[PDB]
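Chemist: Structure in C-alpha cells, see below.
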Amino acid sequence: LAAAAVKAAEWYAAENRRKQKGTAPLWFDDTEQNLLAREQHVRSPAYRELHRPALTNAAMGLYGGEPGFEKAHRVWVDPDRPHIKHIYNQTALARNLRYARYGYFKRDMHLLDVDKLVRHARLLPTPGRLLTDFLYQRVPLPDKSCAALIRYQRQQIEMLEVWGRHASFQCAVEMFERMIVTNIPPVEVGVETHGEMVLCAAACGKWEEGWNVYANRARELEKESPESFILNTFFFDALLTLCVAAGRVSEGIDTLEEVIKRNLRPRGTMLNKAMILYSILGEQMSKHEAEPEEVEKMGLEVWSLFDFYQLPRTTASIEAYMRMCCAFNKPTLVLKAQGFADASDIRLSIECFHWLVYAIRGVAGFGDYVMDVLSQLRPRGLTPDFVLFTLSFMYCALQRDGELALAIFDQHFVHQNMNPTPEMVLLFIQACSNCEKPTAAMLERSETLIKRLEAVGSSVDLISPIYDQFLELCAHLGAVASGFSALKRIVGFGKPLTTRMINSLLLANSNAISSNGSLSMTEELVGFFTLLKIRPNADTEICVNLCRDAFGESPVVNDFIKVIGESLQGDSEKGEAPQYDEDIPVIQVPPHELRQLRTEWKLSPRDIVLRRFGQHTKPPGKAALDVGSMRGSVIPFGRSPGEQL
Amino acid sequence: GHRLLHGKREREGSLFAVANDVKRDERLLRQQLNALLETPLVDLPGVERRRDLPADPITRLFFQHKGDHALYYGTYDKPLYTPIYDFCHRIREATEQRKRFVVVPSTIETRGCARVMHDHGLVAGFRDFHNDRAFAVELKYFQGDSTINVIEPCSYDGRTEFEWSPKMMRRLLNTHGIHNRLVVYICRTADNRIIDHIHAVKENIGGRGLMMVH
Amino acid sequence: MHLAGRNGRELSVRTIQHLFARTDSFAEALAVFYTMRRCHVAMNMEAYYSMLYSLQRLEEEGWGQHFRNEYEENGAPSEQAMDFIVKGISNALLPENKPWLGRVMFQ
Amino acid sequence: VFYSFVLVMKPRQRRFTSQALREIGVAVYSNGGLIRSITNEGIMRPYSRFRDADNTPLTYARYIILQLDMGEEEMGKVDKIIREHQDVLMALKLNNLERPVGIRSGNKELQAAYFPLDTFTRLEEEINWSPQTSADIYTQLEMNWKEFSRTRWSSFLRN
Amino acid sequence: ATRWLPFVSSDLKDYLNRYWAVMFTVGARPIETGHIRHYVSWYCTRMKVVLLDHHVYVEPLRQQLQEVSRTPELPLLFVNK
Amino acid sequence: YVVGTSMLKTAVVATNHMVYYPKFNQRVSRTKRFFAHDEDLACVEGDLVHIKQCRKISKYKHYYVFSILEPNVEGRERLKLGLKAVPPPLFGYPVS
Amino acid sequence: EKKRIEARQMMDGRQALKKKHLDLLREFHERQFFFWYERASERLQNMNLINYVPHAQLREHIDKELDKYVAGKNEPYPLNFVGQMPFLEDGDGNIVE
Amino acid sequence: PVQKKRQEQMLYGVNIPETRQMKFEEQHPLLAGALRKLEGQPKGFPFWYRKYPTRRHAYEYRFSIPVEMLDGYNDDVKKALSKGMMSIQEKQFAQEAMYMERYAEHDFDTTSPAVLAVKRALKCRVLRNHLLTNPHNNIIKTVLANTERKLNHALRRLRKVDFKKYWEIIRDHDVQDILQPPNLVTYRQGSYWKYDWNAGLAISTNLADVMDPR
Amino acid sequence: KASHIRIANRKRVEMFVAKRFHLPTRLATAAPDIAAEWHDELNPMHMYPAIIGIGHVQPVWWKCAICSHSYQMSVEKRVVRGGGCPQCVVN
Amino acid sequence: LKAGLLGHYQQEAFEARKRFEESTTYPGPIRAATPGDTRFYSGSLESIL
RNA sequence: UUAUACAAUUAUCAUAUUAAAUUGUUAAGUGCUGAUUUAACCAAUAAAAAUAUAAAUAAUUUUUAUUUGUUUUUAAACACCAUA
Ligand SMILES: [Zn+2]
C-alpha cells in the first residue's frame with residue numbers, strides 16, 4: 001500500500017504544481033473543512049452573544065427590588081463545550097433536568113441540530129417516530145440530519161442483543177426508504193447517510209445487505225453526480241468496518257487501496273482495521289499450511305503508513321499491530337511494539353499483554369520475561385485475567401518447564417484466588433508432567449487445582465485429559481498411591497479408562513520401587529487390561545518390561561507379556577504395526593479465540609445518571625423528618641401517655 | 001487468599017439455598033438439616049456449650065447441652081416500629097381482645113422486659129421463651145378484667161430514643177409525690193441487663209428507657 | 001447386564017450391595033462397575049453410593065494387605081504404614097473423617 | 001422453540017398452492033429451522049368470508065397446519081413472510097405450546113409447578129385435541145389391538 | 001385477600017354447609033322461583049338461587065337433590081342443611 | 001474523608017459533628033470542610049484520614065494529615081490508569 | 001480481650017457448620033436431580049417418534065399431503081382437525097362434489 | 001413465586017416431589033403425563049451426573065439438557081434442542097450462567113457479591129434494552145431505576161469486599177465510570193464516601209496486601 | 001393504544017405512519033405503469049407491487065413491455081432514479 | 001460518622017490485627033531510624049531566632 | 001399558662017393507589033377488548049447490600065386522567081358545530 005501512497009503523493013504534488021502554474025500537502029484531509037467550520041461557528045459573534053455568561057447582580061441592578069431585574073437572565077449553554085462547570089443541577093427551585101426533554105426542543109425544529117438532539121435529549125422517541133415527527137412538521141431535512149437519525153437507530157442496534165437485531169435493522173431500512181422516497185419537505189440522502197446505513201449493516205452483520213446494496217447505491221449515485229456526491233473518508237471507513245465485521249479481507253484491502261489511490265488522507269481507525277484484516281489473513285494462512293512472505297511485507301506496510309501520513313497511533317492501533325505481528329510470528333517485533341508504546345504516551349491494555357505473552361509462546365527462554373510482565377502489570381494499573389494466566393501456562397507447557405509454572409502459580413495465582421478454568425488446569429498439569437525434573441510440590445499443586453476445579457464446576461469437560469496428565473505426572477514421580485486415588489475420581493466421574501492411563505500407572509509402579517512398589521499391584525494393573533476390555537499397547541509392553549525388571553519374575557506377568565507380544569506380532573502381520581501412545585496436545589489458541597467468560601453487557605453511566613430513559617424512583621412518601629420542620633416538645637412516653645377511650 | 005464476611009448473615013454462616021434472595025429466612029431449613037444430621041437429645045432447650053449453662057440448679061435441670069443442635073431452637077416465627085414499640089402494641093391489642101397467648105418478637109430488650117413483667121406479676125407466664133425469634137406471653141386476668149391496664153413504650157413515636165439518668169430513675173420511683181412501686185418502668189443499663197426502676201434506684205444507676213406498664 | 005438394560009429392570013440397593021460383596025479385588029469390582037456403565041442398567045442413587053463405598057473399602061483392604069505383606073520383611077511398620085493406618089485411603093467420594101455425609105441418601 | 005401455525009389459503013391451483021408452501025418451507029429451512037410436520041387440512045367454508053388481495057370475498061379456503069422449531073428472531077422473519085404472503089388470508093400463530101394456557105395467569109402457587117418438556121416433546125394434536133380424539137384412541141394404540149379388533153365385524157356382518 | 005371466585009361444587013352437601021338458605025331452580029319455572037324469592041326477601045334472609053340449566057355437575061346435583069327430597073321437583077329450598 | 005485534591009500539597013477533608021436540640025431531644029449530625037496539608041501528595045479522594053490541627057500553614061490551612069486510616073485503592077488504580085481519582089459529578093450548583 | 005476472642009471463634013465455628021450443612025444439601029440436590037433424569041429421559045424417548053420433514057423430502061411430502069382429499073379414492077377420507085369432513089377437489093384445487 | 005421461578009431455573013428436580021407428580025399433574029394428568037407408554041431403550045443410571053450439580057453447568061442446550069443425555073437421539077432432535085432454538089429467557093439464563101461459572105466460589109453458589117453485581121447489571125441491561133424498543137412502559141421505567149440503584153449498591157459492596165474482582169469486571173466490559181457521584185453539591189461534603197462507613201465497609205482492605213502501612 | 005390498518009389486507013401498520021408514508025408510496029399506487037412490468041414469475045410470492053412500494057433498495061425482477069426481457073433492478077432505481085431495461089437502452 | 005458502628009468496626013479491627021499477627025509472621029530485628037523533625041507544632045507561629 | 005391542630009365553608013397546595021396492574025411500533029391481541037362478561041392469549045415487569053437503632057441508611061426523575069397544541073389532498077364517517 002505504501003507504493004500506492006507514494007504514487008498518490010507525488011501525483012498530488014504534481015497537480016498542485018500545475019495549479020500553481022495556472023507547503024504543498026501531499027494528501028487531502030476531509031475532516032479539515034468541518035473542523036474549521038466548527039471553529040468559525042464557535043468564534044462567530046452570534047454564538048458568543050448567545051452563550052454569554054449569566055449577568056452579575058451588580059450588572060442587573062441594586063438589591064433586587066425591581067420585578068424585571070431582580071435576578072439574572074436565562075443563560076443558554078452548549079452541551080458540547082459548556083461555558084459552565086456543571087450543565088445540570090437539582091436544587092429545589094432551579095431544577096433543569098426536566099427541560100432536556102425532546103418535547104421542549106420540538107418548539108424549535110427548523111433550527112435544530114439533529115445529532116446534538118439525539119446525543120443530549122432525554123425522553124427521545126423511537127427513531128422511526130422521531131423521523132415521522134420531523135417530516136410531519138416538514139423541516140428541510142438535510143443529509144447530516146438524515147445521518148443523525150440513522151446514527152440514532154444504529155446506536156439502538158448496537159445496544160440490542162445479537163439475537164434481536166434484525167428487526168431494528170429493518171426499521172433502519174424502512175427509514176432509509178422513507179428518506180429516499182419523500183420529497184414534500186426537501187430530504188437529502190447523502191454520502192454520510194449511506195455510510196451510516198452501511199455501518200448499521202456492519203453492526204448487525206449482513207454483509208450482503210450492506211455491501212451489495214448500500215455501498216453499490218453510494219457508488220452509483222456518486223458516478224451519477226460526482227460534484228454533488230463525493231465519497232469522503234468516512235464512507236470508506238464505514239465500508240471497511242463492514243469488511244472487518246464480515247471477515248472479508250480482499251474487499252477491505254481494496255477499499256484502503258481506493259482511499260490511498262484517491263488523494264485523500266486515511267484515518268487511524270481504518271488503518272487499524274486494515275491491520276486487523278491482515279492479521280485475519282495471516283491466521284487464515286497459518287491454519288491452511290498447518291505467498292505469506294509478501295503478505296507480511298504488505299502488512300507491516302500500513303504500520304509504516306502510520307508515519308507516512310502523520311497519523312497519531314492509539315492503543316487500538318498498538319493492539320492491532322501486536323495481533324498482526326503475532327499472526328506473522330514476530331515476537332521480537334511485538335516486543336518492539338510494546339517498547340514503542342511505552343516510549344510514546346499511550347496506555348497499554350490487558351489485551352496488549354495477552355498478545356505480548358501469546359507471541360513468545362514458541363521461542364525458548366523468556367521464562368523470566370513472563371514473570372516480569374506479571375510483576376509489572378500492577379504498577380501499570382492493570383490486573384491479570386484468567387486469559388492471561390492461560391497464556392502464561394500455555395508458554396510454560398510448550399516450553400515444558402514445570403518450575404516456571406509452579407512459580408507463576410505460587411507467586412500470583414493463589415493471591416488472585418480466581419476460579420481456575422479447565423484449560424488452565426490442563427495446561428498447568430501438562431507443563432508439570434512434560435517437565436524434565438518434576439518435584440513432589442507439583443503433586444500438591446496439581447491435586448489442589450483439580451479439587452478446586454471440582455469444587456466449582458465447569459462446562460468444558462476436559463476431565464479425561466486433565467486426569468491423563470495427572471497420571472502421567474504420578475508416573476514420572478512414582479506416586480502409585482496417588483494414581484490409585486485419582487482412579488476413584490475418574491470412576492466417580494464415570495469416564496472410560498485409557499490404555500495411555502494404565503500405561504502411566506504401570507510406569508508409576510516401575511518408578512516407585514521405593515515408594516510403595518508392589519508386584520501384586522503390577523498384577524492388579526495387568527488385571528485392569530485383561531478385564532476392562534481395552535487394547536494393550538507397545539508402550540504397555542515397554543512398561544511391563546520395566547516393571548518386571550524393577551521387581552522380578554511372576555507367572556501372570558510373564559504370561560501377560562508373552563500374550564502382548566503375540567497379539568502385537570499378529571496385528572503387525574495383519575497390518576498397521578506401529579502404534580504408540582499418542583501425546584495429549586497443548587491447546588494453542590489466540591487470546592481472541594480461547595473462550596472468554598463475558599458478554600457485551602453494555603451500559604452507559606451517563607444515561608444512568610441523567611435518566612435519559614425517564615427512569616423513575618418513587619419517593620419514600622414523607623420520609624424526611626427534619627429538625628427545622630418539627631414543632632412540639634418531646635418527652636419520654638409522650639405528652640399524655642396511656643389515654644383511654 | 002482470604003475473603004472477609006461482611007453481613008451478619010455471612011458472619012453467622014448461611015447457605016443461601018434459595019436462588020438470589022439474600023434475606024430469605026433459612027431458620028427452618030437449617031433446623032431440619034441439623035436435626036437429620038444426628039437420639040441422646042431431649043426436647044428441652046439446648047445450650048451450645050457447658051459454661052453457658054444457667055447458675056440456678058433448677059434451671060440447669062431444664063437446660064441441656066448440645067454441641068451445634070442448640071442453635072435454631074424454636075417453634076414460632078417473628079410476627080419501622082422498633083421491637084419494644086411493636087411488643088407493647090401487640091400486648092395491648094391482645095389484652096383488649098381478652099386473648100390468652102400473644103406471640104411477640106424476642107430480642108434482648110423485649111425478652112428482658114417480659115421477664116421483668118413476669119417478676120412484677122403482670123403476665124401469667126411464657127411459652128417458647130428460649131426462642132431467639134419470637135416467644136409467646138401468657139397473659140393473666142383476674143375476675144374477667146386484665147391485669148395489665150396500660151402498657152406503652154418510652155419512645156411514644158417509633159423514632160426518638162431516650163437515656164434515663166439515676167435522677168430520672170429516682171423521679172420515676174417517687175413520681176407524683178408518692179412512693180411508686182405500682183407502675184413499673186423498665187430500663188436497659190449500660191451492662192445490657194434490663195431492670196425496673198426499683199432496682200435501678202437501689203443500685204444508683206439509670207439506662208435507656210424501654211417502656212412503662214401497669 | 002445387557003438383558004437387564006434392555007428390560008429396563010432397576011437393580012435394588014440390596015442386590016447391588018450383595019453383588020459387590022461377592023467381589024474380592026479392587027480390579028474385579030472396577031470391571032463390574034465398568035460393565036454396568038457400558039450396559040445401560042438402572043439403579044438408585046442409594047445403590048450408586050453403596051457401590052462406591054464398596055470400591056472404597058476394596059481399595060482400603062488392598063492397601064492394608066500390601067502394607068501387611070511389607071511388614072513381615074521389614075520387621076516393623078513403616079512411617080507410610082502408620083500414616084496409612086491413621087489417614088486411610090486418600091480422597092474418596094465417601095470419607096470417614098466426614099461421617100455426616102450420606103445420611104440423606106442412606107435410610 | 002416449538003411453534004405452530006394455521007394458514008387459511010385461497011384455493012388456487014395445486015401448482016400455485018405447492019409453490020406457496022414450498023416457498024414457506026424454504027424460508028423455514030434457509031432460516032436455520034426445522035418443520036416438525038405439515039398437514040393439509042382440506043378445503044372448508046369459513047363462517048366469515050375473507051377478502052382476497054383483490055378485495056373479493058372468498059367463500060372457500062384451504063387450511064394448512066404447520067409445526068416447526070425455530071429461534072425467535074428467524075421465527076419472526078418467516079412469520080412476516082407468511083403474513084405478507086399473497087395467498088395467506090389469515091395465519092394463526094400458537095404461542096401456547098411449551099407452556100399450557102392459564103398457569104401464567106391462573107394461580108401463583110402453580111406458576112412454577114409445570115414441566116415444559118412434557119408439552120415441548122409432543123405434537124400439537126396431543127396438546128389441542130380434536131373432537132374425534134379421545135383417550136380411548138391412546139389406550140387402543142397402547143394395546144396391540146390386532147387380535148382384539150379382528151372380531152369386530154361379525155354380528156353385523158352375518159346380517 | 002384473594003380474588004373473587006364463584007362457588008361451584010358437585011355435592012349438595014357443600015352447598016348446604018356453605019350457604020344458609022339455598023334454592024335450586026330452573027329457568028322453566030320462573031313463577032315458583034319468584035314466589036319463593038318473594039317470601040324469603042319479605043322475611044329478609046340472605047338466600048342463594050342456583051339455576052341448574054347451565055350449572056355444570058348438573059346430573060350429579062340433580063340426582064342428589066332427587067334422592068334427598070324424594071321427588072323430582074327442581075324448585076327446592078334448603079335451610080340449615 | 002478526603003473530598004478534593006485540586007490544590008497542590010493540600011487535602012480537603014469532610015468532617016462531621018453533632019448538634020443537640022433539647023426541645024426535640026435530637027442529635028443531628030452536621031458537616032464541616034477543612035483544608036488539610038499533605039506535603040508529599042499521598043492523599044487521594046475517598047481516603048479516610050485522621051487529621052490533626054497545628055500551626056497555620058496558609059490563609060485557611062491549619063490542619064494536617066496525621067495518618068491515612070483507609071486509602072482509596074480504586075482511586076489509586078484509576079490514577080495509575082491515568083484517569084481522574086473519581087469521575088467528576090454531572091450535577092452541581094445552578095448558575096442562576 | 002476474652003469476649004472478642006470468643007466472638008471470633010464462634011464465627012469460625014459457624015463457618016464449619018455451614019460447611020457441613022452445604023455438604024448435607026448436596027445430597028438432597030443429587031437425589032432431586034435423579035427424579036428429573038427419569039422424567040426428562042422418558043419425555044425425550046417419545047420425541048424420537050416426531051417424524052420431521054427433511055428439506056430433500058419437503059416437496060414430495062407437500063404434494064403427497066395436498067393429494068389427501070382430491071377425489072375418487074378407495075380408502076376412507078380422514079376427518080380434519082375440527083372433525084368435519086371437508087369438500088373434495090377433482091384435482092388442481094377445484095371443488096366438484 | 002419469584003423465588004420459586006428462579007429456584008426452578010437454578011435446580012433441576014426442585015419441582016418434583018417425592019411422590020413423582022408435581023402440582024400440575026394432579027389437576028391435568030392428560031398434559032403432563034406421557035400419553036404413550038413406549039418400550040424402547042429405557043436408559044440406565046447416569047454415571048456422569050457428577051458433572052452437572054445445577055442447571056448453570058449445562059446451558060448449551062434447551063432445558064439445560066446435558067449432552068450425555070442426547071447420545072442416541074436423531075440429529076433433527078439435537079438441532080431442535082440446540083442453542084439456536086433456545087428461547088430468550090433461557091438465553092438470558094445462559095448469560096447469567098457464564099458469569100456464575102466465572103465468579104462462583106462453590107457449587108450451588110448463586111448469591112456471592114461478585115455474582116450478585118453481575119446479575120443486577122444483566123437485569124438492568126435487559127430492562128434498558130426493552131425500553132429502547134418500547135419507551136412507553138412506566139412500570140419498566142420504575143423497575144429500571146430500582147435495578148440501577150441496587151446495582152450501584154452491589155458494586156459498591158463488591159469494591160471494598162473483593163477489589164480484584166470489581167476491577168476485573170469494570171475493565172472487561174468497558175464501563176469504568178459506573179461508580180460515580182451524582183451531585184457535586186453533596187459530594188463536596190463526603191456524602192459519597194460516608195456510604196462506606198454507614199455500610200460497614202470502611203475497614204475492609206487489608207493494607208499489608210496493597211501497600212506496607214509503615 | 002395505537003390504531004393500525006392492514007395495507008392490501010396483508011401488512012398491518014400504524015394508521016398514522018400508514019396514511020402519511022406507506023399508503024401513498026406503494027408501487028401499484030404511485031407508479032402503476034412501472035408496476036405493470038413486475039415479473040410475476042421469477043419474483044417471490046410474498047412480494048408484489050401492491051406492497052413493496054417505491055424506495056425498495058433490494059433488486060427485483062422486471063419483465064419488459066417492449067423487448068420482453070427479464071432484468072433485475074431495484075425499485076428505487078426503477079422509479080426514482082429512472083431505471084430502465086438494459087437491452088432496450090442497448091437497442 | 002455514625003458512632004453506633006464503632007463497636008462493629010472495633011471487632012473487625014481486632015480480627016484483622018489477629019489475622020495479620022498470625023499469617024505473615026514476618027517480624028524481625030530492624031534497625032530503627034532517627035525520627036527526624038516535624039513542621040507541625042501546635043499553637044501560634046514561632047520566630048526565626 | 002398553646003408547651004396538643006375537635007371541627008369544618010382562605011385551608012394552608014402537590015410521590016403518582018401498583019402480577020387483580022401498566023405497556024407492545026421492531027414484539028402480542030384487537031376494529032378503539034368492557035355491548036356480553038366480577039374470570040382475558042403472548043412478551044416485559046413481583047424477591048435479591050450493610051444496619052434497627054442508625055438519629056442524612058431516599059430520590060430530585062415519571063404520568064395510565066382531562067384539556068390544548070402539533071398540523072390538517074388528509075380521516076371515510078358518527079357526533080358537535082354548521083375545525084374537531
Ligand atoms: Zn426491454
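Chain labels A, B, ... are given in the sequence in which chains occur in the C-alpha cells; within each chain residues are numbered consecutively from 1, and ligands are likewise numbered from 1 in the order shown.
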Counting only C-alpha atoms, collect the residues of chain H whose closest atom lies at most 10 Å from chain F, and write them out as an MDAnalysis selection string.
Modeler: chainID H and resid 159:160 163:164 166:167 176:194 196:197 202:207 210:211 213
Chemist: Okay, now the selection with N, CA, C and O atoms, as a compact mmCIF listing (two decimals), in the first residue's frame?
Modeler:
```txt
# COMPACT_ATOMS: atom_id res chain seq x y z
N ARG H 159 -16.67 -3.58 45.64
CA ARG H 159 -15.42 -2.85 45.53
C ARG H 159 -14.57 -2.97 46.78
O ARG H 159 -13.34 -3.09 46.68
N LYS H 160 -15.19 -2.95 47.96
CA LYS H 160 -14.43 -2.99 49.20
C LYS H 160 -14.35 -4.38 49.79
O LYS H 160 -13.50 -4.64 50.65
N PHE H 163 -11.79 -6.45 45.94
CA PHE H 163 -11.47 -5.40 44.98
C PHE H 163 -11.04 -5.94 43.63
O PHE H 163 -11.40 -5.37 42.60
N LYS H 164 -10.24 -7.02 43.61
CA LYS H 164 -9.71 -7.50 42.34
C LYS H 164 -10.83 -7.91 41.39
O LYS H 164 -10.78 -7.60 40.20
N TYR H 166 -13.86 -6.71 41.39
CA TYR H 166 -14.52 -5.49 40.95
C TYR H 166 -13.73 -4.83 39.82
O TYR H 166 -14.30 -4.42 38.80
N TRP H 167 -12.41 -4.73 39.99
CA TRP H 167 -11.57 -4.12 38.97
C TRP H 167 -11.65 -4.90 37.66
O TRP H 167 -11.76 -4.32 36.58
N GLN H 176 -16.28 2.11 32.99
CA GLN H 176 -15.36 2.50 34.05
C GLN H 176 -15.96 3.48 35.04
O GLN H 176 -15.67 3.41 36.23
N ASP H 177 -16.80 4.40 34.57
CA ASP H 177 -17.40 5.42 35.42
C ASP H 177 -18.75 4.98 35.98
O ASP H 177 -19.59 5.83 36.29
N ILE H 178 -18.98 3.68 36.11
CA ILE H 178 -20.24 3.20 36.65
C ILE H 178 -20.41 3.63 38.10
O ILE H 178 -21.52 3.98 38.52
N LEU H 179 -19.34 3.62 38.89
CA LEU H 179 -19.36 4.08 40.28
C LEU H 179 -18.99 5.55 40.24
O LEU H 179 -17.81 5.91 40.10
N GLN H 180 -19.99 6.41 40.37
CA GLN H 180 -19.85 7.81 40.02
C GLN H 180 -20.74 8.67 40.90
O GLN H 180 -21.93 8.38 41.06
N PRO H 181 -20.20 9.74 41.49
CA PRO H 181 -21.01 10.60 42.35
C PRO H 181 -22.05 11.34 41.53
O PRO H 181 -21.71 11.97 40.52
N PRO H 182 -23.32 11.30 41.93
CA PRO H 182 -24.34 12.01 41.16
C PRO H 182 -24.21 13.52 41.22
O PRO H 182 -24.24 14.19 40.18
N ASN H 183 -24.05 14.08 42.42
CA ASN H 183 -24.14 15.51 42.64
C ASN H 183 -22.90 16.04 43.33
O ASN H 183 -22.47 15.51 44.36
N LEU H 184 -22.33 17.11 42.77
CA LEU H 184 -21.21 17.78 43.41
C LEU H 184 -21.63 18.42 44.73
O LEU H 184 -20.87 18.43 45.70
N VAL H 185 -22.84 18.98 44.77
CA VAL H 185 -23.28 19.72 45.95
C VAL H 185 -23.19 18.84 47.19
O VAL H 185 -22.90 19.33 48.29
N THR H 186 -23.43 17.54 47.04
CA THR H 186 -23.34 16.62 48.16
C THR H 186 -22.03 15.86 48.20
O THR H 186 -21.60 15.46 49.29
N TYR H 187 -21.37 15.66 47.06
CA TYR H 187 -20.05 15.04 47.09
C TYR H 187 -19.03 15.92 47.79
O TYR H 187 -18.05 15.41 48.34
N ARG H 188 -19.24 17.24 47.77
CA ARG H 188 -18.35 18.14 48.49
C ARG H 188 -18.32 17.85 49.98
O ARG H 188 -17.35 18.23 50.65
N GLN H 189 -19.34 17.20 50.52
CA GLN H 189 -19.49 17.01 51.96
C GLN H 189 -19.17 15.60 52.40
O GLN H 189 -19.63 15.17 53.46
N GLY H 190 -18.40 14.85 51.61
CA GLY H 190 -18.10 13.48 51.96
C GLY H 190 -19.30 12.58 52.04
O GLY H 190 -19.22 11.51 52.66
N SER H 191 -20.42 12.97 51.43
CA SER H 191 -21.62 12.14 51.46
C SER H 191 -21.53 10.94 50.53
O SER H 191 -22.36 10.04 50.63
N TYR H 192 -20.56 10.93 49.62
CA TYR H 192 -20.39 9.78 48.74
C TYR H 192 -19.54 8.70 49.39
O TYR H 192 -19.73 7.51 49.13
N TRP H 193 -18.59 9.10 50.24
CA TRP H 193 -17.72 8.16 50.93
C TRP H 193 -18.27 7.74 52.28
O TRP H 193 -18.04 6.60 52.70
N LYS H 194 -19.00 8.62 52.97
CA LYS H 194 -19.70 8.24 54.19
C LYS H 194 -20.57 7.01 53.99
O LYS H 194 -20.94 6.35 54.97
N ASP H 196 -19.52 4.21 52.75
CA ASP H 196 -18.75 3.06 53.21
C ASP H 196 -18.81 2.91 54.72
O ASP H 196 -19.00 1.80 55.23
N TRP H 197 -18.65 4.01 55.46
CA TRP H 197 -18.75 3.93 56.91
C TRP H 197 -20.13 3.43 57.33
O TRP H 197 -20.23 2.47 58.10
N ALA H 202 -15.69 0.30 55.81
CA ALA H 202 -14.59 1.26 55.91
C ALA H 202 -13.27 0.63 56.34
O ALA H 202 -12.24 1.29 56.24
N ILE H 203 -13.28 -0.61 56.83
CA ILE H 203 -12.08 -1.20 57.42
C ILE H 203 -11.75 -2.51 56.71
O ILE H 203 -11.29 -3.47 57.34
N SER H 204 -11.97 -2.56 55.39
CA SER H 204 -12.02 -3.84 54.69
C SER H 204 -11.09 -3.93 53.48
O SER H 204 -11.54 -4.35 52.41
N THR H 205 -9.82 -3.56 53.62
CA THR H 205 -8.88 -3.67 52.52
C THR H 205 -7.60 -4.43 52.83
O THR H 205 -6.88 -4.79 51.89
N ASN H 206 -7.28 -4.71 54.09
CA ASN H 206 -6.07 -5.47 54.39
C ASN H 206 -4.84 -4.75 53.84
O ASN H 206 -4.22 -5.23 52.88
N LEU H 207 -4.50 -3.60 54.42
CA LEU H 207 -3.48 -2.73 53.83
C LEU H 207 -2.20 -3.47 53.48
O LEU H 207 -1.64 -3.22 52.41
N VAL H 210 -1.68 -4.48 49.87
CA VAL H 210 -1.69 -3.50 48.79
C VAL H 210 -0.57 -2.47 48.94
O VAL H 210 -0.08 -1.93 47.94
N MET H 211 -0.16 -2.19 50.17
CA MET H 211 0.97 -1.31 50.46
C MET H 211 1.41 -1.56 51.90
O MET H 211 0.60 -1.90 52.77
N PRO H 213 1.97 -0.54 55.40
CA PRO H 213 1.39 0.60 56.11
C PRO H 213 2.33 1.33 57.05
O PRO H 213 1.87 2.20 57.79
```
Chemist: So that I can check the secondary structure, give me every residue of chain I assigned strand (DSSP E or B) by backbone DSSP, as a list in words.
Modeler: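 After running DSSP on the backbone, chain I has strand (DSSP E or B) at residues 4, 5, 6, 7, 11, 12, 13, 14, 38, 59, 60, 61, 62, 63, 70, 71, 72, 73 and 74 of chain I.
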Chemist: To one decimal in Å, tell me the separation between atom CA of residue 138 of chain A and atom CA of residue 134 of chain H.
Modeler: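 Between atom CA of residue 138 of chain A and atom CA of residue 134 of chain H the gap is 25.2 Å.
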Chemist: Please identify every polymer residue within 7 Å of ligand 1, using only C-alpha atoms (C1' of nucleotides) and all ligand atoms, and present the set as a list in words.
Modeler: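 The residues near ligand 1 are residues 64, 65, 66, 67, 68, 69, 85, 86, 87 and 88 of chain I.
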Chemist: Store the residues picked out above, limited to N, CA, C and O atoms, as a PDB file, in the first residue's frame.
Modeler:
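Writing the result to part15.pdb gives the following:
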```
ATOM      1  N   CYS I  64     -39.933  -6.712 -19.232  1.00  0.00           N
ATOM      2  CA  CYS I  64     -40.036  -5.547 -20.092  1.00  0.00           C
ATOM      3  C   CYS I  64     -41.240  -5.661 -21.018  1.00  0.00           C
ATOM      4  O   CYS I  64     -41.577  -6.740 -21.508  1.00  0.00           O
ATOM      5  N   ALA I  65     -41.892  -4.525 -21.250  1.00  0.00           N
ATOM      6  CA  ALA I  65     -43.045  -4.455 -22.136  1.00  0.00           C
ATOM      7  C   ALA I  65     -42.658  -4.361 -23.604  1.00  0.00           C
ATOM      8  O   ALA I  65     -43.465  -4.701 -24.474  1.00  0.00           O
ATOM      9  N   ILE I  66     -41.439  -3.914 -23.901  1.00  0.00           N
ATOM     10  CA  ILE I  66     -41.042  -3.706 -25.288  1.00  0.00           C
ATOM     11  C   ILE I  66     -40.345  -4.942 -25.841  1.00  0.00           C
ATOM     12  O   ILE I  66     -40.817  -5.560 -26.801  1.00  0.00           O
ATOM     13  N   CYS I  67     -39.216  -5.326 -25.246  1.00  0.00           N
ATOM     14  CA  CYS I  67     -38.426  -6.451 -25.726  1.00  0.00           C
ATOM     15  C   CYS I  67     -38.687  -7.739 -24.955  1.00  0.00           C
ATOM     16  O   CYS I  67     -38.039  -8.753 -25.229  1.00  0.00           O
ATOM     17  N   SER I  68     -39.615  -7.724 -23.999  1.00  0.00           N
ATOM     18  CA  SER I  68     -39.974  -8.924 -23.244  1.00  0.00           C
ATOM     19  C   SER I  68     -38.743  -9.595 -22.638  1.00  0.00           C
ATOM     20  O   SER I  68     -38.605 -10.820 -22.655  1.00  0.00           O
ATOM     21  N   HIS I  69     -37.841  -8.785 -22.094  1.00  0.00           N
ATOM     22  CA  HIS I  69     -36.650  -9.276 -21.415  1.00  0.00           C
ATOM     23  C   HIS I  69     -36.843  -9.155 -19.909  1.00  0.00           C
ATOM     24  O   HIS I  69     -37.488  -8.220 -19.431  1.00  0.00           O
ATOM     25  N   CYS I  85     -34.558  -0.720 -18.985  1.00  0.00           N
ATOM     26  CA  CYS I  85     -34.184  -2.055 -19.427  1.00  0.00           C
ATOM     27  C   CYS I  85     -32.835  -2.005 -20.135  1.00  0.00           C
ATOM     28  O   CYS I  85     -32.672  -1.241 -21.097  1.00  0.00           O
ATOM     29  N   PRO I  86     -31.839  -2.779 -19.688  1.00  0.00           N
ATOM     30  CA  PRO I  86     -30.529  -2.716 -20.351  1.00  0.00           C
ATOM     31  C   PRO I  86     -30.588  -3.058 -21.825  1.00  0.00           C
ATOM     32  O   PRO I  86     -29.921  -2.397 -22.631  1.00  0.00           O
ATOM     33  N   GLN I  87     -31.376  -4.060 -22.213  1.00  0.00           N
ATOM     34  CA  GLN I  87     -31.477  -4.398 -23.626  1.00  0.00           C
ATOM     35  C   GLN I  87     -32.120  -3.271 -24.420  1.00  0.00           C
ATOM     36  O   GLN I  87     -31.685  -2.979 -25.539  1.00  0.00           O
ATOM     37  N   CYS I  88     -33.151  -2.628 -23.869  1.00  0.00           N
ATOM     38  CA  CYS I  88     -33.771  -1.512 -24.571  1.00  0.00           C
ATOM     39  C   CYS I  88     -32.809  -0.346 -24.737  1.00  0.00           C
ATOM     40  O   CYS I  88     -32.731   0.237 -25.825  1.00  0.00           O
TER      41      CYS I  88
END
```
